[PDB]
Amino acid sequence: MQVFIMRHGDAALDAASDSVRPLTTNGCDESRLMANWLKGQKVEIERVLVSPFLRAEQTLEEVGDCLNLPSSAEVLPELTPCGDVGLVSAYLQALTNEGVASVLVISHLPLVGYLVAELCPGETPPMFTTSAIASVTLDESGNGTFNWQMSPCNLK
């Protein structure tokens, strides 16, 4: 199963509280830039898992405008910045055995980094710039292979 792990776009420095911070215009542009690139890679997303924080959901919104995504997304409380990487991993292993072909995960740091290390033995947590995406190939046993990582600064 193909797992695309994405960090949300650039978010506003100020809001009433962290969970409701919106994406900046730059955050919107960089997310669409990445979405357009995934479209050129001939990528087809079957399932989408997203954090409940507004910045992750708005990133999903911007991505869905350039890339074909399923009708509904799964909002996981475990995808917040301090979510349990073990539960997210178990969730992904469940879908792999279910037969799901690909998944797009939009989350935050540091979780996004820990998730790669958790899924791919021998890999230390990679750094993620906003809107950056890492591709991982996962099998029924929960073992993954870290394929590559692409970021906005690279596409530019």
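Residues carry their position along the shown sequence, with the first being 1.
In this entry, 32-40 shows the higher mean Cα temperature factor of the pair 93-101 and 32-40. The deposited model assigns a higher average Cα B-factor to 11-19 than to the other stretch when 11-19 and 144-152 are compared.
Between the residues 87, 50, 116, 69, the entry's highest C-alpha temperature factor is the one at 69. Residue 129: CA B factor in the middle third of modelled residues in this chain (values from the PDB entry). Looking at the C-alpha B-factors along this chain, the one for residue 57 belongs to the lowest third. In this PDB entry, residue 109 carries a Cα temperature factor that places it within the highest third of its chain's modelled residues.
When the CA B factors of the chain's modelled residues are split into thirds, the value for residue 24 lands in the highest one.
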